[PDB]
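Following: one structure in structure tokens, then a few remarks.
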Amino acid sequence: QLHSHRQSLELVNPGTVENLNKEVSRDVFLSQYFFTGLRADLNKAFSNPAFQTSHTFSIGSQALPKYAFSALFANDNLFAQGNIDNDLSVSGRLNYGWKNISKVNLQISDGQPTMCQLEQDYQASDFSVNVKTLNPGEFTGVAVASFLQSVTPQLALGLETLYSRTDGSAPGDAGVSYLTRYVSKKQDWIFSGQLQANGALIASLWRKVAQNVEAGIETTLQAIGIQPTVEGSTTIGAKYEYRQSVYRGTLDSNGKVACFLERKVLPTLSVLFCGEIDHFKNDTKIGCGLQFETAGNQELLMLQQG
Amino acid sequence: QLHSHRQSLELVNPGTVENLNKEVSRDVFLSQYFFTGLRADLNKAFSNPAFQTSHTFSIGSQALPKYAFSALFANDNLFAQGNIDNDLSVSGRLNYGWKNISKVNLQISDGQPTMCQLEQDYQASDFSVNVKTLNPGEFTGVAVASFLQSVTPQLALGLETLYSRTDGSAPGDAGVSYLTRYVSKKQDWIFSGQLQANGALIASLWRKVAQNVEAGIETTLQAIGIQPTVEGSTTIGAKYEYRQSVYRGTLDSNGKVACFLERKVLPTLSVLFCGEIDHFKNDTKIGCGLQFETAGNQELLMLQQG
Amino acid sequence: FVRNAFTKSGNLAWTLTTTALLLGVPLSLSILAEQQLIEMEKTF
Amino acid sequence: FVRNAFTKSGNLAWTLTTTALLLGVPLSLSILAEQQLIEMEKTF
Amino acid sequence: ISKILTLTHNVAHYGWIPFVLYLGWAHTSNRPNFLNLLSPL
Amino acid sequence: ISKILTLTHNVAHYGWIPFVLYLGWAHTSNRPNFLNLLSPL
Amino acid sequence: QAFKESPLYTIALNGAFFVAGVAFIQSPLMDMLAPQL
Amino acid sequence: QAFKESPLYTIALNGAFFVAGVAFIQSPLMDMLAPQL
Amino acid sequence: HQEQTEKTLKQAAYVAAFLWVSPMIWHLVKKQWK
Amino acid sequence: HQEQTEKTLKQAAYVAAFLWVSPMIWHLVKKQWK
Ligand SMILES: CCCCCCCCCCCCCC(=O)OC[C@H](COP(=O)(O)OCCN)OC(=O)CCCCCCCCCCCCC
């Protein structure tokens, strides 16, 4: 009676909840590329269904293993991985995306017993749904759902819940959040937003300047009468892509700078460098190292030069 | 009666006592080029009697000031310097080499009162003499003499004394040493040697390979019945000079490696890098930074490009 | 006074020039790596 | 035994390949910086 | 009887990464034998 | 009377580096004024 | 220092940094930093 | 370990490292590491 | 303890709020066009 | 203390050894040619 009036002129679909803030936090801010010591990883590929085999060495880095074998395999619809390190710890991932894909992320350690997951997705041209559990009379563990859909051709907003219960005979809690995302008129500044549980909130944007220059701001405010304890941190970045170079670098509040250069001096070899100055304690961290690849098939290496 | 028989066919003169082991320890072994944090010094020159003016910044380096002004001036026979750093500490040097040159090296600190020196030299075509005192009924301080001369056209050997007296009413000691140096037949491997006080001894050599490759070994043995405590360290280096690159790098006993690259990517700008792995404690130090120069005269900068 | 009105504004000239040597010099090396390539392939 | 005859000879393959990546790779970058120059000025 | 719920988790502790190599060993031109666990070429 | 032996050492504490600049200020073409205590050019 | 210890001090600090910062992005001044060659 | 704690252990160690090391320098093997181009 | 007796209705009101709003925000495009 | 009495002859033997050897090694070229 009222469905077909608006579902013919509209309904572009938004991205998932994971890719809400992807275009700023994991693209122009280097907070996951950084390291401290020296590291030099190398990987042979002989792929079409691909294949890799990566090793990794590291020293004096405080968060890295001193060895890490790997593998993967990915045809038109599958995925796999594997990651064993120096003493013993195994990982693994799967994808079976026939539109509802369905991941599994197992994680075995030794001091901590066993981590497991499960996931789901659905993209039906106007909305997205993420369903995720954790390790489970016995309804135990964490279970997270979500929802996100678009009501105008530029705006979209939804929310997500959770349900955490541990400790056996314990009832368990249930938080809530609210999400939002605005897109510009012609492929430009994308204002995101967030309001999670316990008061914290995120804000960001991403201006696409002329050819290869970006920007981005981020802001968090995380909060017996000593409990109101707020904090803040506003960061500003950029990224200068080129042919055979990539440069990004941020600076923020409470005193820090950072830089990350990657200069590929061969067709198939590249170096990098990353360093940071603190301006309160006046102490610094410097990390450098290389990364290169080769081929193992008898003719694949003939088809990267010319 | 016997002087003129041999002083007509011979008597090339050797180098000074400071340049005895210069061609290995201060040329192909990087033990004085190394640092730890970041540092970036820069210097304008407007020289013919030269002139420079160098600044220096550093951070997180444990042996460097966070600022250091400088100057120098050197015509056909003179020298000067100057070095003031962040809080206050002044240095200075002089040379007045009319063949007997005569240095003065003053050194003012604040926690430690005042350092002073004096020097001398003499090179009379078959022998060299170094005379050096330190800060002085009042015959106090340190006084060091030496002697070195050559008896065959390839070999030379001499010795040096000292006399250290402090503590006011205290007699004072006097050590001794022995020195030696052998040169190859046609401009090649130079075996040096030393035997200083308290048992320690040095040995080295320096093979000039084809065009720009060197080598070098070094060995020290420094030594209530717990007093015999010897130690040792044998190091092996090399150096690969090129046009617009310089590379050297050593490795030794008791577990260490080192490297030092300098790659001048401009006519008038250069970067560098130096890092070291320990293989007992398994911990590492990485230092990097740049160094470049410019000009201040209105036409000197026009005469470095072309 | 002299021992306050200089060092409280002398340290400010440090932090604005160990910053502009850290975020500006890796950028300046990356320009020349694309500057010389656009003219080497302009010759051919 | 297994837990001694491998790890006492597994760690030896580490130290001979974090050494040859530290003293060999800065040398290999410096060869190419003189390798490509001797042929660019061979063309002219 | 409960050990099989824990013995299942100790199967993936040693027998998962060797499964991934067997998959893509067949999805090639099926040449290589032991070069895959090797760094140079 | 002994202070002049210590007051001499406190003359070089503040008046030695400015002496070096005055020497080479004359041994040039005698142009510059204050560019020497400056980093860019 | 009578209000620097207050909790409302920071939520006025970072909120003031957002407004001038977002004006710096949407500006022709930020266009200048992109090199034209 | 009856002689590894002795003081004469190291002065035989480093002295043995000198002799094989100095033979490695004066050798045609060390000539090979110089690249001919 | 009567805390765990009333906590089950503390929690059940939380998911019942989500049961209203996600069907509510399912169709704002069908009413934002005034 | 008789330590400082004999230390002056402990030290005087040290420089007297240098007084022999530097004139000794002054002229080994006049005798190494056998
Ligand atoms: C407070 C003030 C501080 C100021 C800080 C300023 C620091 C600036 C430092 C800049 C360094 C940037 C690094 C870089 O970009 O490398 C460039 C250079 C090669 O670049 P080219 O221009 O020579 O390429 C020519 C094209 N054929 O490559 C090099 O120069 C050498 C780099 C070599 C890296 C070697 C990696 C070692 C791997 C170790 C392996 C460890 C394994 C355990």
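Scheme for the structure tokens: letters A, B, ... for chains in order shown; per-chain residue numbers from 1; ligand numbers from 1 in order shown.
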query = Skipping near chain neighbours, those fewer than 5 positions away, what residues fall within 12 Å of residue 21 (chain E) using only C-alpha atoms, listed as a PyMOL selection string?
reply = (chain A and resi 51-53+70-73+80-82) or (chain E and resi 15-16+26-28+32-34+36-37)
Please provide the set of residues having any atom within 8 Å of region 18-29 of chain J, restricted to only C-alpha atoms, with same-chain residues fewer than 5 positions apart removed, written as a VMD selection string. chain B and resid 6 147 149 151 to 152 158 161
(request) Identify, counting only C-alpha atoms and all ligand atoms, the protein, DNA and RNA residues located within 6 Å of ligand 1, and give them as a PyMOL selection string. (result) (chain A and resi 38-40+58+263+265+271+289-290) or (chain B and resi 38-40+58+263+265+271+289-290) or (chain C and resi 18+21-22+26) or (chain D and resi 18+21-22+26)
Dump N, CA, C and O atoms for the selected residues as a CSV table (one decimal), in the first residue's frame?
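Just written: again_33.csv:
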chain,number,residue,atom,x,y,z
A,38,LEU,N,63.7,-3.3,14.6
A,38,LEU,CA,63.9,-3.6,13.2
A,38,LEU,C,63.1,-4.8,12.8
A,38,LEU,O,62.9,-5.7,13.6
A,39,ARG,N,62.5,-4.8,11.6
A,39,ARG,CA,61.8,-5.9,11.1
A,39,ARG,C,62.0,-6.0,9.7
A,39,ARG,O,62.1,-5.0,9.0
A,40,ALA,N,62.1,-7.3,9.2
A,40,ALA,CA,62.4,-7.5,7.8
A,40,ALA,C,61.7,-8.8,7.3
A,40,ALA,O,62.2,-9.8,7.4
A,58,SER,N,62.0,-10.2,13.6
A,58,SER,CA,61.9,-9.0,14.4
A,58,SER,C,62.8,-9.0,15.6
A,58,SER,O,63.0,-10.1,16.1
A,263,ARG,N,59.6,4.0,0.4
A,263,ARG,CA,60.3,4.4,-0.9
A,263,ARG,C,60.8,3.1,-1.5
A,263,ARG,O,61.7,2.5,-1.1
A,265,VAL,N,62.7,1.3,-3.7
A,265,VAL,CA,63.9,1.4,-4.6
A,265,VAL,C,64.3,0.1,-5.2
A,265,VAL,O,65.3,-0.5,-4.8
A,271,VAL,N,61.9,-0.2,1.1
A,271,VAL,CA,62.3,0.0,2.5
A,271,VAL,C,61.3,0.9,3.1
A,271,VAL,O,60.4,1.4,2.5
A,289,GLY,N,63.2,-0.8,8.7
A,289,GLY,CA,63.3,-2.1,8.2
A,289,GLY,C,62.7,-2.2,6.8
A,289,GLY,O,62.1,-1.3,6.3
A,290,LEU,N,62.8,-3.4,6.2
A,290,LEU,CA,62.5,-3.6,4.8
A,290,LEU,C,61.4,-4.6,4.6
A,290,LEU,O,61.0,-5.2,5.6
B,38,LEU,N,68.1,10.6,17.2
B,38,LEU,CA,68.1,11.3,16.0
B,38,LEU,C,69.0,12.5,16.1
B,38,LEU,O,69.0,13.1,17.2
B,39,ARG,N,69.7,12.8,15.1
B,39,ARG,CA,70.5,14.1,15.1
B,39,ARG,C,70.5,14.7,13.7
B,39,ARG,O,70.6,13.9,12.7
B,40,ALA,N,70.5,16.0,13.6
B,40,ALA,CA,70.4,16.7,12.3
B,40,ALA,C,71.1,18.0,12.4
B,40,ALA,O,70.6,19.0,12.8
B,58,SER,N,69.8,17.4,18.7
B,58,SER,CA,69.8,15.9,19.0
B,58,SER,C,68.8,15.7,20.1
B,58,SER,O,68.4,16.5,20.9
B,263,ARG,N,74.5,8.0,2.2
B,263,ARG,CA,74.1,8.1,0.8
B,263,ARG,C,73.7,9.5,0.5
B,263,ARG,O,72.6,9.9,1.0
B,265,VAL,N,72.0,11.9,-1.3
B,265,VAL,CA,71.0,12.1,-2.3
B,265,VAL,C,70.7,13.6,-2.5
B,265,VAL,O,69.6,14.1,-2.1
B,271,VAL,N,72.0,11.8,3.9
B,271,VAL,CA,71.4,11.2,5.0
B,271,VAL,C,72.4,10.1,5.5
B,271,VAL,O,73.4,9.8,4.9
B,289,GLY,N,69.6,10.0,10.9
B,289,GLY,CA,69.6,11.4,10.9
B,289,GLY,C,70.4,11.9,9.7
B,289,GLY,O,71.0,11.2,9.0
B,290,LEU,N,70.3,13.3,9.5
B,290,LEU,CA,70.8,13.9,8.3
B,290,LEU,C,71.9,14.9,8.6
B,290,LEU,O,72.2,15.2,9.8
C,18,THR,N,62.6,21.2,15.6
C,18,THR,CA,62.7,19.7,15.5
C,18,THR,C,61.4,19.1,15.0
C,18,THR,O,61.3,17.9,14.8
C,21,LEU,N,61.8,19.6,10.9
C,21,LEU,CA,62.7,18.8,10.3
C,21,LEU,C,62.3,17.3,10.3
C,21,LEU,O,63.0,16.5,9.8
C,22,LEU,N,61.2,17.0,11.0
C,22,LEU,CA,60.7,15.6,11.1
C,22,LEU,C,59.6,15.3,10.1
C,22,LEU,O,59.5,14.2,9.6
C,26,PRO,N,61.3,14.0,5.2
C,26,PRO,CA,60.9,12.8,4.4
C,26,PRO,C,60.0,13.2,3.3
C,26,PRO,O,60.0,12.5,2.3
D,18,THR,N,69.7,-13.0,10.6
D,18,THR,CA,69.6,-11.6,11.0
D,18,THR,C,70.9,-10.9,10.9
D,18,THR,O,71.0,-9.7,11.1
D,21,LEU,N,71.2,-10.1,6.8
D,21,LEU,CA,70.3,-9.0,6.4
D,21,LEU,C,70.7,-7.7,6.9
D,21,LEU,O,70.0,-6.7,6.5
D,22,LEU,N,71.7,-7.6,7.8
D,22,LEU,CA,72.1,-6.3,8.4
D,22,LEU,C,73.4,-5.8,7.8
D,22,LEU,O,73.5,-4.6,7.7
D,26,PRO,N,72.3,-3.0,3.3
D,26,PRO,CA,72.9,-1.6,3.0
D,26,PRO,C,74.0,-1.6,2.0
D,26,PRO,O,74.1,-0.7,1.2
- [ ] Fewer than 6 positions away in the same chain doesn't count, so skip those; otherwise give me all residues within 12 Å of region 6-8 of chain C, counting only C-alpha atoms, as a PyMOL selection string.
- [x] (chain B and resi 86-87) or (chain C and resi 14)
Which residues are close to residue 12 (chain F), i.e. within 9 Å by only C-alpha atoms, leaving aside same-chain residues fewer than 5 positions away? Reply as a compact mmCIF listing (two decimals) with N, CA and C atoms, in the first residue's frame.
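So result26.txt came out as:
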# COMPACT_ATOMS: atom_id res chain seq x y z
N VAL B 90 82.05 25.83 27.39
CA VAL B 90 82.80 26.43 26.30
C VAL B 90 84.04 25.59 26.06
N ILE B 108 86.25 24.24 29.49
CA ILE B 108 85.57 24.72 30.69
C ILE B 108 84.27 23.94 30.83
N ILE F 17 84.32 32.70 22.25
CA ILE F 17 83.59 32.49 20.99
C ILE F 17 83.27 33.79 20.25
